[PDB]
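Q: Going left to right, the sequence shown walks through residues 1025 to 1191 as full-length UniProt numbering numbers them. For every residue, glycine included, the Cβ atom is placed at its ideal position computed from N, Cα and C.
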Amino acid sequence: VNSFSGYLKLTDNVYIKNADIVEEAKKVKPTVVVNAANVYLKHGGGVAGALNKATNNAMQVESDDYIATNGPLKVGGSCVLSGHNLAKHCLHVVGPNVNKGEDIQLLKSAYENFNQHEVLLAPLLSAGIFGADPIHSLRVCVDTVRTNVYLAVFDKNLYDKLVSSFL
Ligand SMILES: C[C@@H](C(=O)O)[C@H](NC(=O)c1ncnc2[nH]ccc12)c1ccccc1
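1) Just how far apart, CA to CA, sit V1164 and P1120?
2) Please confirm whether any heavy atom of ligand 3 lies closer than 7 Å to the CB of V1099.
3) Look at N1181 and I1153 and say whether their C-beta atoms are less than 8 Å apart.
4) My parser needs the beta strand (DSSP E) runs of 3 or more residues fully inside the region 1151–1186; what are they?
5) CA-CA distance, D1088 and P1158?
6) Is it true that the region 1034–1041 meets the region 1076–1090, where meeting means three or more beta-carbon pairs spaced less than 8 Å apart?
7) Let's test the definition: count the other Cβ atoms within 10 Å of the Cβ of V1177 and tell me whether it reaches 16, buried, or not, exposed.
8) Looking at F1138 and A1146, is the spacing between their C-beta atoms short of 8 Å?
9) Kindly indicate which residue of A1043, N1026 and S1029 has the alpha-carbon position closest to the one of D1184.
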């Protein structure tokens, strides 16, 4: 049993809600919140900008030290950093950005990072401003993640479209 409320059950392990991931994190304080990061951990907009703003820029400060020490992530890769005031940990996951010309086949690899954590609050990777088909991303999520994932979809029209088209 956990604290996530009002999520629609899609499969044995995947649940979905039309919600702002920042507000969900502030309410539940999950062990892991997933950020839709880029390889440089530059948290400018989207999920990343919103999470970072909610941490008063502490996420960015921590991320800059991470990159200075370790260099950029891989597309499809991840790192575990602090969740600051929002969660115990933040799993920064890099899905491919189609608007940058990156390979959508890497989306499965990106979702595989979720399997290292028993429960996660997460966004829909590579969708929205990352340019990929959101129906496809949800399919890859359900067909790749085996641990318990609570998906928070910001856009209301998108949420309705995803639910109504889900197989
Ligand atoms: C799909 C899309 C959505 O769920 O609509 C999602 N975006 C957000 O979650 C979002 N965007 C901008 N400002 C925000 N503030 C609070 C949340 C939030 C998203 C997922 C992966 C990559 C980029 C974007």
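A: Result, derived from the coordinates:
1) Within the sequence shown, the letter at position 140 stands for residue 1164. Within the sequence shown, the letter at position 96 stands for residue 1120. Those two C-alpha atoms are separated by around 13 Å.
2) Inclusion of ligand 3 in the displayed structure is not the case, the ligand content consisting of ligand 1 alone.
3) Mapped onto the sequence shown, residue 1181 falls at position 157. Mapped onto the sequence shown, residue 1153 falls at position 129. Their beta carbons are not under 8 Å apart, which means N1181 does not touch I1153 by this criterion.
4) 1172–1177
5) As a working mapping, residue 1088 is identified with position 64 in the sequence shown. As a working mapping, residue 1158 is identified with position 134 in the sequence shown. So the two alpha carbons sit approximately 30 Å from each other.
6) no
7) Sequence index remark: in the sequence shown, residue 1177 carries index 153 (1-based). Buried, by the Cβ-count rule.
8) The residue you call residue 1146 lines up with position 122 of the sequence shown. The residue you call residue 1138 lines up with position 114 of the sequence shown. A distance below 8 Å separates the beta carbons of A1146 and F1138.
9) As a first step, residue 1184 is located in the sequence shown; it is residue number 160 there, counting from the start. Nearest of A1043, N1026 and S1029 to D1184, Cα basis: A1043.
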